[PDB]
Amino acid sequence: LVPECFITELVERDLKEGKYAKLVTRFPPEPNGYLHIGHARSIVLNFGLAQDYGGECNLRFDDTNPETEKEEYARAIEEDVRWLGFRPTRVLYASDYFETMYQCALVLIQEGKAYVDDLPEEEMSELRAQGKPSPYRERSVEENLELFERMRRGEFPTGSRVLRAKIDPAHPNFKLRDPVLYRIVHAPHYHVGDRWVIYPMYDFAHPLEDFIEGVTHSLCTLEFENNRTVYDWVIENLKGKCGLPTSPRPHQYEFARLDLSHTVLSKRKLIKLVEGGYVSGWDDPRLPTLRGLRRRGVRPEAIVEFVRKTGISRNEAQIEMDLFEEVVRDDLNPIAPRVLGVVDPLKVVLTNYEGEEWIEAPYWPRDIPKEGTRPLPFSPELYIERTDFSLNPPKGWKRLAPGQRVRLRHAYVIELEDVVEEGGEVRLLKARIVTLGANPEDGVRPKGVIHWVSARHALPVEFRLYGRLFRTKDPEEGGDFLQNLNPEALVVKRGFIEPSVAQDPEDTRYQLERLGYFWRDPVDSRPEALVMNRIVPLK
């Protein structure tokens, strides 16, 4: 479930040489937000690798920051992983490892390898900048334990003091100039309540949670390539202590962040969109949250395929939204039954037809190896798209117009008799059936086929037409990102659909001919007042 990549090569070489008995990976998101389509890459990579190689993968909540983290985000994270179809071997919480990380810390302090620092942020980084040592650096092992302990009791306030690793303040690598191991927050944790007041930094917690769980390959994105030298440091200096293995050890590997055109994934901006009412909420289908894509109608299978199709590499190349949209169409093609709806309704009267009939109509075209039919009703009163009639039609006009006849899909051929106007625009069409299952006798075929419904049987529907969220490929770095929003991101139209849809399961996903793929919005739709999101348009 992962194409051969630079990683798949390296896992095989390790397993085959018995460096690790099993592959163990993890997906380790912070529970402070909802997952987007980017996180899908890490999900499929890390979980697929497990099943691909009969290994294990931990769903771990890297919950080291009490300010922002909430249990509902961790509920949601698991809902979104399981929804893409992956079965965590284990669901863990880094926070449940805090006692071990703390004890590890004590060991670093004992061994003259950490120290407590009183200087505030600004001065601390201006000294790093100068490669100078904090004056507090060379404190006695004793002094450090005593103050760390006071830190733990909560005697000092938020920010006031940290523990740093003593590596080298003048070090060629800036990340190694005594990085902060522990900070102070007087704030409760959603998982571990009010127990903790010192909390570890990412660069300390991650390797340790890695190590504790016996992760073998730790896969993360290229942002953390610079964080490798500190990761190694934690493991090497703590291996064999506090119940930890002496061997084997986890090793980090970086792959390329996904970057999707006409979309943004930077949490900061996503927050602006939501709180700004640019978007309705986090599961709004305009969003590339996994929440919103589920609601939009995209099948998890489409997302996993997309991720597998784009592959895994160091190719920072931004992916084009065409591509994603095309994998969705592709995914829906063989399983979305085809029906008729109208989105811009224009009424047509037939003067030479009376009564009703019901036409047997196939859900599936010649290409699809699925048979299946439905009763489709016809009457003297219909709606068509306003967009499929014209008084002044262009050269290649394949649709209805004052001379030109047209094929109602799965039914008769019609021609314009009369146009009825009001307010300088077109209000109704009077037309004439010519042809059911047969060409026109006189041989002048209709140049094209249009969809329709009987005004006499059609159900009303609120269609939500979702476009791409931005008109520019690179809103993320383009500068004015809100001035690049697409005003057609959502177009709400009130239309009609053939009544057959009422006898379907509510998660049925349709293609409405000549419009795109659609399904009932799972939140709002009610059978007595249908609401239908467009999943993706046609090509």
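Heads up: residue numbers just count along the shown sequence, starting at 1.
- Missing coordinates between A74 and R75 amount to none of the deposited residues, so the segment is unbroken.
- Higher mean CA temperature factor between 264-272 and 79-87: 264-272, per the PDB entry.
- Stretches 220-228 and 118-126 differ in mean C-alpha B factor, with the higher average recorded for 220-228.
- The maximum CA B-factor among the listed residues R183, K113, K370, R295, taken from the PDB record, is found at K370.
- Annotation for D194, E385, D210, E415: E415 ranks highest, by Cα B-factor.
- Placement of the Cα temperature factor of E155 within the chain: lowest third of the modelled residues, per the deposited record.
- The entry lists a Cα temperature factor for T435 that places it in the highest third of the chain's modelled residues.
- Ranked within its chain, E498 lands in the lowest third, by CA B factor from the PDB record.
- Among all modelled residues in this chain, the alpha-carbon of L323 has a temperature factor (C-alpha) in the highest third.
- Among all modelled residues in its chain, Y136 ranks in the middle third by Cα B-factor.
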